[PDB]
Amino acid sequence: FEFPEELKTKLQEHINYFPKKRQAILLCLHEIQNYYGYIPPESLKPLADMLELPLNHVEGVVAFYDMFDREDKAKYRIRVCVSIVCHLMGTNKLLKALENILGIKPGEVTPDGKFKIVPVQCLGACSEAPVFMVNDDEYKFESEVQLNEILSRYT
């Protein structure tokens, strides 16, 4: 396995950004996940070499940090907050609306690999509960009609 040159260039920028290469590990893993829609297991050995770190170190880090997903490829990650404020204000309504539109529940991917619902802890937008993200974009859920229109923006 080998990184495409456009991605490798991007990883090199991160590695060169901080004073020490190993500081770039999380920026690198975000970049990888952005590129592939998940963390390819085969990507870690080459990344470890670029960071001048042992492979097991890199594996331990991927395992520790909940945002990284080595299991499921998805184009769009719908992160749904399931913490206290969103729960009080209507996480379950958002989840039901998502099941109506997409036919999936938290932890599942659509068969086309387009959407995965990820249950997450407080997203720091609790005044706008219930909160969800679609990749980097963040939104307040208002209603199913509203949600349907938002999701239609992601092709």
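A residue's number is simply how far along the shown sequence it sits, counting from 1.
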| property | result |
| --- | --- |
| Per the entry, higher mean C-alpha B factor between 22 to 30 and 50 to 58 | 50 to 58 |
| Between 120 to 128 and 62 to 70 (mean CA B-factor, as deposited), the higher | 62 to 70 |
| Within-chain third of residue 10 by Cα B-factor, per the entry | highest |
| Lowest, middle or highest third - CA B-factor, residue 86 | lowest |
